$ cat start18.csv   # CSV, C-alpha atoms and all ligand atoms
chain,number,residue,atom,x,y,z
A,1,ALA,CA,-58.4,60.0,-103.1
A,2,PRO,CA,-54.6,59.0,-102.8
A,3,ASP,CA,-52.5,58.0,-105.8
A,4,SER,CA,-51.3,54.9,-104.0
A,5,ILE,CA,-52.1,53.0,-100.8
A,6,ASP,CA,-51.0,49.7,-99.2
A,7,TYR,CA,-53.3,48.5,-96.3
A,8,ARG,CA,-50.8,45.9,-95.3
A,9,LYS,CA,-48.7,48.8,-93.9
A,10,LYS,CA,-51.6,50.0,-91.8
A,11,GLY,CA,-52.1,46.6,-90.2
A,12,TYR,CA,-55.5,45.9,-91.9
A,13,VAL,CA,-54.4,42.6,-93.4
A,14,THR,CA,-53.9,39.2,-91.7
A,15,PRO,CA,-51.2,36.6,-92.9
A,16,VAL,CA,-51.7,34.7,-96.2
A,17,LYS,CA,-53.7,31.5,-95.8
A,18,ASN,CA,-53.8,28.3,-97.9
A,19,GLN,CA,-57.2,27.1,-99.1
A,20,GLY,CA,-55.8,23.7,-100.0
A,21,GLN,CA,-57.8,21.2,-102.2
A,22,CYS,CA,-61.2,23.0,-101.6
A,23,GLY,CA,-62.8,25.6,-103.7
A,24,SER,CA,-63.3,28.0,-100.7
A,25,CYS,CA,-61.7,31.1,-102.3
A,26,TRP,CA,-65.0,33.0,-101.8
A,27,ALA,CA,-64.8,32.3,-98.0
A,28,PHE,CA,-61.2,33.6,-97.8
A,29,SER,CA,-62.0,36.7,-99.9
A,30,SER,CA,-65.0,37.3,-97.6
A,31,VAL,CA,-63.2,37.0,-94.3
A,32,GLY,CA,-60.4,39.1,-95.6
A,33,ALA,CA,-62.8,42.0,-96.3
A,34,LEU,CA,-64.5,41.5,-92.8
A,35,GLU,CA,-61.0,41.4,-91.1
A,36,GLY,CA,-60.2,44.8,-92.6
A,37,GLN,CA,-63.5,46.3,-91.5
A,38,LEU,CA,-63.1,44.8,-88.0
A,39,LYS,CA,-59.7,46.5,-87.7
A,40,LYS,CA,-61.1,49.9,-88.8
A,41,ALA,CA,-64.0,49.7,-86.3
A,42,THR,CA,-62.4,48.2,-83.2
A,43,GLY,CA,-58.6,48.7,-83.7
A,44,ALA,CA,-58.0,44.9,-83.4
A,45,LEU,CA,-56.8,42.6,-86.2
A,46,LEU,CA,-58.0,39.0,-85.8
A,47,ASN,CA,-58.1,35.9,-88.0
A,48,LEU,CA,-61.8,35.2,-88.9
A,49,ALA,CA,-63.1,31.7,-89.7
A,50,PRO,CA,-63.5,30.7,-93.5
A,51,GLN,CA,-64.6,27.2,-92.4
A,52,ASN,CA,-67.6,28.8,-90.7
A,53,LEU,CA,-68.6,30.1,-94.1
A,54,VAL,CA,-68.0,26.9,-96.1
A,55,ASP,CA,-70.1,24.8,-93.6
A,56,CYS,CA,-72.9,27.2,-92.9
A,57,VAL,CA,-73.8,29.3,-96.0
A,58,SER,CA,-76.6,27.3,-97.5
A,59,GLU,CA,-76.8,29.5,-100.6
A,60,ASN,CA,-73.2,28.5,-101.4
A,61,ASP,CA,-71.7,25.1,-102.3
A,62,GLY,CA,-68.9,24.9,-99.7
A,63,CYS,CA,-65.7,23.4,-101.2
A,64,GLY,CA,-67.6,23.4,-104.5
A,65,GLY,CA,-67.6,27.2,-104.7
A,66,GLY,CA,-69.7,30.2,-104.0
A,67,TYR,CA,-70.2,34.0,-103.8
A,68,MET,CA,-69.0,36.6,-101.4
A,69,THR,CA,-72.4,38.3,-101.3
A,70,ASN,CA,-74.0,35.2,-100.0
A,71,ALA,CA,-71.3,34.9,-97.3
A,72,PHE,CA,-71.9,38.5,-96.1
A,73,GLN,CA,-75.7,38.0,-96.1
A,74,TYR,CA,-75.2,34.9,-93.9
A,75,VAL,CA,-72.9,36.8,-91.4
A,76,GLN,CA,-75.7,39.5,-91.2
A,77,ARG,CA,-78.6,37.1,-90.6
A,78,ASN,CA,-76.6,34.9,-88.3
A,79,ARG,CA,-75.5,38.1,-86.4
A,80,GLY,CA,-71.9,36.9,-86.3
A,81,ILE,CA,-69.0,34.9,-87.6
A,82,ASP,CA,-66.4,32.9,-85.5
A,83,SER,CA,-62.7,33.6,-85.1
A,84,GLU,CA,-60.3,31.1,-86.7
A,85,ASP,CA,-59.5,29.7,-83.1
A,86,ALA,CA,-63.2,29.0,-82.4
A,87,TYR,CA,-63.8,27.3,-85.8
A,88,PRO,CA,-60.6,25.8,-87.4
A,89,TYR,CA,-60.1,25.5,-91.2
A,90,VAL,CA,-60.0,21.9,-92.3
A,91,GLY,CA,-60.5,22.2,-96.1
A,92,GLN,CA,-63.6,20.0,-96.4
A,93,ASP,CA,-67.4,20.1,-96.3
A,94,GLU,CA,-68.8,19.4,-92.9
A,95,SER,CA,-72.1,20.3,-91.1
A,96,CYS,CA,-72.6,23.8,-89.7
A,97,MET,CA,-71.1,24.0,-86.2
A,98,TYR,CA,-71.3,27.7,-85.4
A,99,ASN,CA,-70.4,28.5,-81.8
A,100,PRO,CA,-71.9,31.9,-80.4
A,101,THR,CA,-69.2,32.0,-77.6
A,102,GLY,CA,-66.5,32.3,-80.3
A,103,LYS,CA,-68.1,35.2,-82.1
A,104,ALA,CA,-65.5,37.8,-83.1
A,105,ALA,CA,-67.4,40.0,-85.6
A,106,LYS,CA,-70.6,40.6,-87.5
A,107,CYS,CA,-71.8,42.7,-90.4
A,108,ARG,CA,-74.9,44.6,-91.4
A,109,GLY,CA,-75.0,43.9,-95.1
A,110,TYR,CA,-72.9,44.6,-98.1
A,111,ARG,CA,-72.4,47.1,-101.0
A,112,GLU,CA,-71.4,46.3,-104.5
A,113,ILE,CA,-69.1,48.3,-106.8
A,114,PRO,CA,-70.7,49.4,-110.3
A,115,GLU,CA,-69.8,46.6,-112.8
A,116,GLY,CA,-66.6,47.2,-114.7
A,117,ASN,CA,-65.8,50.5,-113.0
A,118,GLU,CA,-62.1,50.4,-111.9
A,119,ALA,CA,-62.3,54.1,-110.8
A,120,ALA,CA,-65.2,53.3,-108.4
A,121,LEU,CA,-63.2,50.3,-107.1
A,122,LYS,CA,-60.2,52.6,-106.5
A,123,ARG,CA,-62.3,55.1,-104.4
A,124,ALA,CA,-63.8,52.1,-102.5
A,125,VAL,CA,-60.3,50.8,-101.5
A,126,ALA,CA,-59.1,54.3,-100.5
A,127,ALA,CA,-62.2,55.1,-98.4
A,128,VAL,CA,-63.4,51.8,-96.8
A,129,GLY,CA,-60.3,49.5,-97.0
A,130,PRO,CA,-59.8,45.9,-98.4
A,131,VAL,CA,-62.5,44.9,-101.0
A,132,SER,CA,-63.4,41.4,-102.1
A,133,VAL,CA,-63.0,40.9,-105.9
A,134,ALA,CA,-63.6,38.2,-108.5
A,135,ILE,CA,-61.1,37.5,-111.3
A,136,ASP,CA,-60.2,35.0,-114.1
A,137,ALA,CA,-57.4,32.9,-112.6
A,138,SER,CA,-57.4,30.0,-115.1
A,139,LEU,CA,-54.3,30.9,-117.1
A,140,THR,CA,-50.9,29.2,-116.7
A,141,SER,CA,-49.3,32.7,-116.5
A,142,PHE,CA,-51.3,33.3,-113.3
A,143,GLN,CA,-50.4,30.0,-111.6
A,144,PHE,CA,-46.7,30.5,-112.2
A,145,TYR,CA,-46.6,34.2,-111.3
A,146,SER,CA,-43.5,35.7,-109.5
A,147,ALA,CA,-42.6,39.4,-109.6
A,148,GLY,CA,-43.8,42.4,-111.7
A,149,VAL,CA,-47.2,43.7,-112.8
A,150,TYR,CA,-49.3,40.9,-114.2
A,151,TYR,CA,-51.1,41.2,-117.5
A,152,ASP,CA,-52.1,38.6,-120.1
A,153,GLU,CA,-54.1,39.4,-123.2
A,154,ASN,CA,-55.8,36.0,-123.0
A,155,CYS,CA,-57.4,36.9,-119.6
A,156,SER,CA,-61.2,36.9,-119.8
A,157,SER,CA,-63.4,39.6,-118.4
A,158,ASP,CA,-66.5,37.4,-118.5
A,159,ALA,CA,-65.1,34.1,-117.3
A,160,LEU,CA,-64.8,34.8,-113.5
A,161,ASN,CA,-63.8,31.7,-111.6
A,162,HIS,CA,-61.7,32.9,-108.6
A,163,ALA,CA,-62.1,35.2,-105.6
A,164,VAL,CA,-59.4,37.3,-104.0
A,165,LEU,CA,-58.8,40.5,-102.0
A,166,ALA,CA,-57.8,43.9,-103.2
A,167,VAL,CA,-55.6,45.4,-100.3
A,168,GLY,CA,-54.4,48.5,-102.2
A,169,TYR,CA,-53.2,50.0,-105.4
A,170,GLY,CA,-50.0,51.6,-106.7
A,171,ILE,CA,-47.6,52.1,-109.6
A,172,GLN,CA,-44.6,49.8,-110.4
A,173,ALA,CA,-42.1,51.1,-113.0
A,174,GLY,CA,-44.7,53.1,-115.0
A,175,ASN,CA,-47.5,50.4,-114.8
A,176,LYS,CA,-50.5,50.9,-112.5
A,177,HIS,CA,-51.5,48.0,-110.3
A,178,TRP,CA,-53.8,46.4,-107.7
A,179,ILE,CA,-52.3,44.7,-104.7
A,180,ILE,CA,-54.0,41.4,-104.6
A,181,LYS,CA,-54.0,38.9,-101.7
A,182,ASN,CA,-54.5,35.3,-102.8
A,183,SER,CA,-55.4,32.3,-100.7
A,184,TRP,CA,-52.9,29.7,-102.2
A,185,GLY,CA,-50.3,30.0,-99.4
A,186,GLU,CA,-47.0,31.9,-99.1
A,187,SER,CA,-45.1,29.6,-101.6
A,188,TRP,CA,-47.2,30.9,-104.4
A,189,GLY,CA,-46.5,34.2,-106.2
A,190,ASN,CA,-44.6,37.0,-104.3
A,191,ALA,CA,-45.1,35.7,-100.7
A,192,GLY,CA,-48.8,35.0,-101.5
A,193,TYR,CA,-49.4,38.3,-103.3
A,194,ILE,CA,-49.9,39.3,-106.9
A,195,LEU,CA,-49.8,42.8,-108.5
A,196,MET,CA,-52.5,42.9,-111.2
A,197,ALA,CA,-52.9,45.5,-114.0
A,198,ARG,CA,-54.9,48.6,-113.2
A,199,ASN,CA,-56.7,50.7,-115.8
A,200,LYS,CA,-55.8,48.2,-118.6
A,201,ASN,CA,-59.5,47.7,-119.8
A,202,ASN,CA,-60.6,45.8,-116.6
A,203,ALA,CA,-57.9,43.0,-117.0
A,204,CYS,CA,-59.2,39.6,-115.8
A,205,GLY,CA,-62.5,41.2,-114.8
A,206,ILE,CA,-61.2,42.7,-111.6
A,207,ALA,CA,-64.1,45.2,-111.3
A,208,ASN,CA,-66.9,43.0,-112.5
A,209,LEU,CA,-67.9,41.5,-109.1
A,210,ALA,CA,-66.5,43.5,-106.3
A,211,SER,CA,-68.1,44.0,-102.9
A,212,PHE,CA,-67.4,45.0,-99.3
A,213,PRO,CA,-69.3,44.4,-96.0
A,214,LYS,CA,-71.0,47.1,-93.9
A,215,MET,CA,-70.5,47.2,-90.2
B,301,LIG,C1,-62.6,29.4,-105.5
B,301,LIG,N1,-61.8,28.6,-104.9
B,301,LIG,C2,-63.6,28.8,-106.4
B,301,LIG,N2,-64.4,29.8,-107.1
B,301,LIG,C3,-65.6,30.2,-106.7
B,301,LIG,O1,-66.1,29.8,-105.7
B,301,LIG,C4,-66.2,31.2,-107.6
B,301,LIG,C5,-66.0,32.6,-107.0
B,301,LIG,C6,-66.1,33.9,-107.8
B,301,LIG,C7,-66.9,34.9,-107.0
B,301,LIG,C8,-66.6,33.8,-109.2
B,301,LIG,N3,-67.7,31.0,-107.8
B,301,LIG,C9,-68.1,30.0,-108.6
B,301,LIG,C10,-69.3,29.2,-108.0
B,301,LIG,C11,-70.4,30.0,-107.7
B,301,LIG,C12,-71.6,29.3,-107.1
B,301,LIG,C13,-71.6,27.9,-107.0
B,301,LIG,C14,-72.7,27.2,-106.4
B,301,LIG,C15,-73.4,27.8,-105.2
B,301,LIG,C16,-74.5,27.1,-104.7
B,301,LIG,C17,-74.9,25.9,-105.2
B,301,LIG,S1,-76.1,24.9,-104.3
B,301,LIG,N4,-75.2,24.5,-102.9
B,301,LIG,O2,-77.2,25.8,-104.0
B,301,LIG,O3,-76.4,23.8,-105.1
B,301,LIG,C18,-74.2,25.3,-106.3
B,301,LIG,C19,-73.2,25.9,-106.9
B,301,LIG,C20,-70.4,27.1,-107.3
B,301,LIG,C21,-69.3,27.8,-107.9
B,301,LIG,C22,-68.3,30.3,-110.1
B,301,LIG,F1,-68.7,29.2,-110.8
B,301,LIG,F2,-67.1,30.7,-110.7
B,301,LIG,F3,-69.2,31.2,-110.4
$ encode --input "start18.csv" --output "structure tokens"
Amino acid sequence: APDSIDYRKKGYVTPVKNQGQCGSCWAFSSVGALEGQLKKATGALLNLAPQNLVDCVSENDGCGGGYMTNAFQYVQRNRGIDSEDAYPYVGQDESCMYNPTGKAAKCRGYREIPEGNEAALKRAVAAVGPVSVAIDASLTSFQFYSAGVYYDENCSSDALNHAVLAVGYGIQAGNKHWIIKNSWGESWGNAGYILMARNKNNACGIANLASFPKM
């Protein structure tokens, strides 16, 4: 397994999106992982529809929140998910309006990373590509982030409240990190991205609820 990798340089990651005033972070984390798998399997990078997930996953709560595992299971049972063009993101809860003519990808299940194992999460990123992860993003230091490797001793490993995408890992000035793609727009952080502490006792619970789709 490599010491460092950035999937953005391989063309596996789509531009940073903005979820707006809707707790649909799980939907953006889900499509991000599916977009990476679609690019590996077909060679084409396309924007998938998070709105398709907020409106249709009955096991989730739409703009009220949800889980990535439930999103993947829906895509599997539905035998598809729409592209962003075929099902536009509006940031609100609406009825399921899935269009089969706009289908851009599907998945055949998911696999979870062993709880709390950052080494297993590292091997998963190196071998499969972008992985959906859950973190504690409640702190003020997270909201106002800009440059450097993020670490805060007050970050909880048990209070998971946000979903993001791990697109790689590296080392910045002696500190090991995870390249994290957020869904709060380009005005946030470092052009929508955040470098989170790697191998610092599972900081912010980064390896507590990680998963990737199977194609
Ligand atoms: C992102 N913008 C908001 N955060 C979340 O959605 C987080 C995500 C990570 C994975 C922790 N999840 C929430 C959450 C999970 C589940 C529900 C929920 C689902 C389904 C129902 S229903 N429709 O059956 O009544 C109700 C609630 C809400 C939020 C949390 F709480 F952090 F675990």
$ residues_near_ligand --input "start18.csv" --ligand "ligand LIG 301 (chain B)" --cutoff "6 Å" --atoms "all atoms listed in the file" --output "MDAnalysis selection string"
chainID A and resid 23:26 59:61 64:67 134 160:163
$ atom_distance --input "start18.csv" --atom1 "CA of residue 186 (chain A)" --atom2 "CA of residue 211 (chain A)"
24.6 Å
$ residues_around --input "start18.csv" --residues "residue 81 (chain A)" --least-positions-apart "6" --cutoff "12 Å" --atoms "only C-alpha atoms" --output "PyMOL selection string"
chain A and resi 27+30-31+34-35+38+46-57+71-75+87+96-108
$ atom_distance --input "start18.csv" --atom1 "CA of residue 187 (chain A)" --atom2 "CA of residue 118 (chain A)"
28.8 Å
$ residues_around --input "start18.csv" --residues "residue 209 (chain A)" --least-positions-apart "3" --cutoff "9 Å" --atoms "all atoms listed in the file" --output "PyMOL selection string"
chain A and resi 112-116+132-135+160+205-206
$ closest_residue --input "start18.csv" --among "A:128, A:21, A:123, A:92" --to "residue 215 (chain A)" --atoms "all atoms listed in the file"
A:128
$ residues_near_point --input "start18.csv" --point "(-51.2, 45.4, -107.6)" --cutoff "8 Å" --atoms "only C-alpha atoms" --output "list in words"
residues 149, 168, 169, 170, 171, 176, 177, 178, 179, 180, 194, 195, 196, 197 and 198 of chain A
$ write_last_selection --input "start18.csv" --atoms "C-alpha atoms" --output "CSV table (one decimal), keeping the file's coordinate frame"
chain,number,residue,atom,x,y,z
A,149,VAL,CA,-47.2,43.7,-112.8
A,168,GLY,CA,-54.4,48.5,-102.2
A,169,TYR,CA,-53.2,50.0,-105.4
A,170,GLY,CA,-50.0,51.6,-106.7
A,171,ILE,CA,-47.6,52.1,-109.6
A,176,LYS,CA,-50.5,50.9,-112.5
A,177,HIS,CA,-51.5,48.0,-110.3
A,178,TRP,CA,-53.8,46.4,-107.7
A,179,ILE,CA,-52.3,44.7,-104.7
A,180,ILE,CA,-54.0,41.4,-104.6
A,194,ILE,CA,-49.9,39.3,-106.9
A,195,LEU,CA,-49.8,42.8,-108.5
A,196,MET,CA,-52.5,42.9,-111.2
A,197,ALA,CA,-52.9,45.5,-114.0
A,198,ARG,CA,-54.9,48.6,-113.2
$ residues_around --input "start18.csv" --residues "residue 143 (chain A)" --least-positions-apart "6" --cutoff "10 Å" --atoms "only C-alpha atoms" --output "CSV table (one decimal) with C-alpha atoms, in the frame of the given file"
chain,number,residue,atom,x,y,z
A,137,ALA,CA,-57.4,32.9,-112.6
A,184,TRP,CA,-52.9,29.7,-102.2
A,188,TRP,CA,-47.2,30.9,-104.4
A,189,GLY,CA,-46.5,34.2,-106.2
$ atom_distance --input "start18.csv" --atom1 "CA of residue 37 (chain A)" --atom2 "CA of residue 191 (chain A)"
23.1 Å
$ closest_residue --input "start18.csv" --among "A:175, A:141, A:14, A:157" --to "residue 207 (chain A)" --atoms "all atoms listed in the file"
A:157
$ residues_near_point --input "start18.csv" --point "(-50.9, 46.7, -96.4)" --cutoff "10 Å" --atoms "only C-alpha atoms" --output "short mmCIF file (atom, residue, chain, number, x, y, z; two decimals) with C-alpha atoms, in the coordinates of the input"
data_model
loop_
_atom_site.label_atom_id
_atom_site.label_comp_id
_atom_site.auth_asym_id
_atom_site.auth_seq_id
_atom_site.Cartn_x
_atom_site.Cartn_y
_atom_site.Cartn_z
CA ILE A 5 -52.10 53.00 -100.80
CA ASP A 6 -51.00 49.70 -99.20
CA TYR A 7 -53.30 48.50 -96.30
CA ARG A 8 -50.80 45.90 -95.30
CA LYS A 9 -48.70 48.80 -93.90
CA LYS A 10 -51.60 50.00 -91.80
CA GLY A 11 -52.10 46.60 -90.20
CA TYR A 12 -55.50 45.90 -91.90
CA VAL A 13 -54.40 42.60 -93.40
CA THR A 14 -53.90 39.20 -91.70
CA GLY A 129 -60.30 49.50 -97.00
CA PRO A 130 -59.80 45.90 -98.40
CA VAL A 167 -55.60 45.40 -100.30
CA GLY A 168 -54.40 48.50 -102.20
CA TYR A 169 -53.20 50.00 -105.40
CA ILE A 179 -52.30 44.70 -104.70
CA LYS A 181 -54.00 38.90 -101.70
#
$ closest_residue --input "start18.csv" --among "A:42, A:120, A:109, A:93" --to "residue 77 (chain A)" --atoms "only C-alpha atoms"
A:109
$ closest_residue --input "start18.csv" --among "A:213, A:203, A:173, A:63" --to "residue 19 (chain A)" --atoms "only C-alpha atoms"
A:63
$ closest_residue --input "start18.csv" --among "A:190, A:121, A:45, A:159" --to "residue 83 (chain A)" --atoms "all atoms listed in the file"
A:45
$ closest_residue --input "start18.csv" --among "A:78, A:183, A:95, A:172" --to "residue 148 (chain A)" --atoms "all atoms listed in the file"
A:172
$ decode --input "start18.csv" --residues "region 59-95 of chain A" --atoms "N, CA and C atoms" --output "mmCIF file, in the first residue's frame"
data_model
loop_
_atom_site.group_PDB
_atom_site.id
_atom_site.type_symbol
_atom_site.label_atom_id
_atom_site.label_comp_id
_atom_site.auth_asym_id
_atom_site.auth_seq_id
_atom_site.Cartn_x
_atom_site.Cartn_y
_atom_site.Cartn_z
ATOM 1 N N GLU A 59 -35.604 4.737 4.609
ATOM 2 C CA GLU A 59 -34.972 4.387 5.885
ATOM 3 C C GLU A 59 -34.207 5.590 6.474
ATOM 4 N N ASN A 60 -34.068 6.642 5.669
ATOM 5 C CA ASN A 60 -33.404 7.867 6.092
ATOM 6 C C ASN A 60 -34.460 8.968 6.327
ATOM 7 N N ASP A 61 -34.019 10.126 6.808
ATOM 8 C CA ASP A 61 -34.930 11.223 7.133
ATOM 9 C C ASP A 61 -34.811 12.447 6.225
ATOM 10 N N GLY A 62 -34.221 12.270 5.042
ATOM 11 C CA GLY A 62 -34.051 13.363 4.092
ATOM 12 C C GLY A 62 -33.158 14.474 4.611
ATOM 13 N N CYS A 63 -33.694 15.696 4.649
ATOM 14 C CA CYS A 63 -32.973 16.870 5.157
ATOM 15 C C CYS A 63 -32.802 16.824 6.708
ATOM 16 N N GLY A 64 -33.407 15.806 7.325
ATOM 17 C CA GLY A 64 -33.323 15.604 8.761
ATOM 18 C C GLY A 64 -32.132 14.748 9.152
ATOM 19 N N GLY A 65 -31.497 14.145 8.149
ATOM 20 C CA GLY A 65 -30.331 13.308 8.375
ATOM 21 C C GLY A 65 -30.484 11.881 7.888
ATOM 22 N N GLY A 66 -29.428 11.089 8.060
ATOM 23 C CA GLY A 66 -29.450 9.704 7.628
ATOM 24 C C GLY A 66 -28.089 9.031 7.607
ATOM 25 N N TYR A 67 -28.055 7.803 7.089
ATOM 26 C CA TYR A 67 -26.833 7.005 6.999
ATOM 27 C C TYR A 67 -26.494 6.652 5.586
ATOM 28 N N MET A 68 -25.195 6.513 5.317
ATOM 29 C CA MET A 68 -24.686 6.159 3.996
ATOM 30 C C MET A 68 -25.008 4.724 3.607
ATOM 31 N N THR A 69 -25.045 3.830 4.597
ATOM 32 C CA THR A 69 -25.351 2.410 4.385
ATOM 33 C C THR A 69 -26.755 2.220 3.813
ATOM 34 N N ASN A 70 -27.701 3.017 4.312
ATOM 35 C CA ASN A 70 -29.098 3.001 3.867
ATOM 36 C C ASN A 70 -29.209 3.539 2.444
ATOM 37 N N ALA A 71 -28.341 4.499 2.106
ATOM 38 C CA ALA A 71 -28.304 5.113 0.772
ATOM 39 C C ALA A 71 -27.800 4.115 -0.261
ATOM 40 N N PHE A 72 -26.759 3.358 0.103
ATOM 41 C CA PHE A 72 -26.161 2.333 -0.768
ATOM 42 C C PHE A 72 -27.130 1.171 -1.007
ATOM 43 N N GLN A 73 -27.817 0.758 0.062
ATOM 44 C CA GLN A 73 -28.799 -0.328 0.022
ATOM 45 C C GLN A 73 -29.988 0.046 -0.888
ATOM 46 N N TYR A 74 -30.352 1.333 -0.902
ATOM 47 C CA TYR A 74 -31.441 1.821 -1.755
ATOM 48 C C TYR A 74 -31.022 1.744 -3.222
ATOM 49 N N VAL A 75 -29.812 2.225 -3.527
ATOM 50 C CA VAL A 75 -29.264 2.233 -4.890
ATOM 51 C C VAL A 75 -29.215 0.812 -5.457
ATOM 52 N N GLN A 76 -28.915 -0.148 -4.581
ATOM 53 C CA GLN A 76 -28.847 -1.568 -4.927
ATOM 54 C C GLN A 76 -30.227 -2.133 -5.263
ATOM 55 N N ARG A 77 -31.187 -1.929 -4.359
ATOM 56 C CA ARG A 77 -32.562 -2.415 -4.519
ATOM 57 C C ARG A 77 -33.328 -1.717 -5.661
ATOM 58 N N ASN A 78 -33.027 -0.433 -5.861
ATOM 59 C CA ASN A 78 -33.632 0.392 -6.908
ATOM 60 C C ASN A 78 -32.992 0.076 -8.275
ATOM 61 N N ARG A 79 -31.794 -0.516 -8.236
ATOM 62 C CA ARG A 79 -30.994 -0.882 -9.414
ATOM 63 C C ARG A 79 -30.542 0.364 -10.174
ATOM 64 N N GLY A 80 -30.308 1.435 -9.421
ATOM 65 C CA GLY A 80 -29.863 2.672 -10.028
ATOM 66 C C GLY A 80 -30.066 3.942 -9.234
ATOM 67 N N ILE A 81 -29.319 4.962 -9.643
ATOM 68 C CA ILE A 81 -29.361 6.302 -9.080
ATOM 69 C C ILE A 81 -29.198 7.242 -10.274
ATOM 70 N N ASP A 82 -29.921 8.359 -10.248
ATOM 71 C CA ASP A 82 -29.864 9.357 -11.317
ATOM 72 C C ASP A 82 -28.644 10.207 -11.282
ATOM 73 N N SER A 83 -28.374 10.846 -12.419
ATOM 74 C CA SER A 83 -27.271 11.789 -12.558
ATOM 75 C C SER A 83 -27.838 13.129 -12.014
ATOM 76 N N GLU A 84 -26.958 14.073 -11.677
ATOM 77 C CA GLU A 84 -27.376 15.385 -11.172
ATOM 78 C C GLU A 84 -28.312 16.147 -12.159
ATOM 79 N N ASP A 85 -28.068 15.984 -13.463
ATOM 80 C CA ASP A 85 -28.854 16.622 -14.530
ATOM 81 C C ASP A 85 -30.268 16.096 -14.612
ATOM 82 N N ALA A 86 -30.427 14.808 -14.308
ATOM 83 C CA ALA A 86 -31.717 14.128 -14.354
ATOM 84 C C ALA A 86 -32.548 14.255 -13.077
ATOM 85 N N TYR A 87 -31.914 14.710 -11.997
ATOM 86 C CA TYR A 87 -32.594 14.881 -10.718
ATOM 87 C C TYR A 87 -31.846 15.970 -9.919
ATOM 88 N N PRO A 88 -32.061 17.297 -10.254
ATOM 89 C CA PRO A 88 -31.410 18.423 -9.576
ATOM 90 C C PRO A 88 -31.564 18.613 -8.092
ATOM 91 N N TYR A 89 -30.474 19.023 -7.444
ATOM 92 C CA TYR A 89 -30.461 19.264 -6.007
ATOM 93 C C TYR A 89 -31.149 20.584 -5.665
ATOM 94 N N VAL A 90 -32.162 20.519 -4.801
ATOM 95 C CA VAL A 90 -32.899 21.716 -4.371
ATOM 96 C C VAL A 90 -32.747 22.036 -2.879
ATOM 97 N N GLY A 91 -32.237 21.082 -2.098
ATOM 98 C CA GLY A 91 -32.035 21.305 -0.671
ATOM 99 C C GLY A 91 -33.245 21.225 0.238
ATOM 100 N N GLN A 92 -34.267 20.499 -0.198
ATOM 101 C CA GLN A 92 -35.482 20.326 0.588
ATOM 102 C C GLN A 92 -36.109 18.994 0.346
ATOM 103 N N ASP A 93 -36.948 18.570 1.288
ATOM 104 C CA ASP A 93 -37.651 17.290 1.216
ATOM 105 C C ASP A 93 -38.831 17.343 0.269
ATOM 106 N N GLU A 94 -38.810 16.461 -0.724
ATOM 107 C CA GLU A 94 -39.880 16.340 -1.714
ATOM 108 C C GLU A 94 -40.142 14.851 -1.917
ATOM 109 N N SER A 95 -41.225 14.523 -2.623
ATOM 110 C CA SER A 95 -41.585 13.130 -2.893
ATOM 111 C C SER A 95 -40.605 12.493 -3.884
#
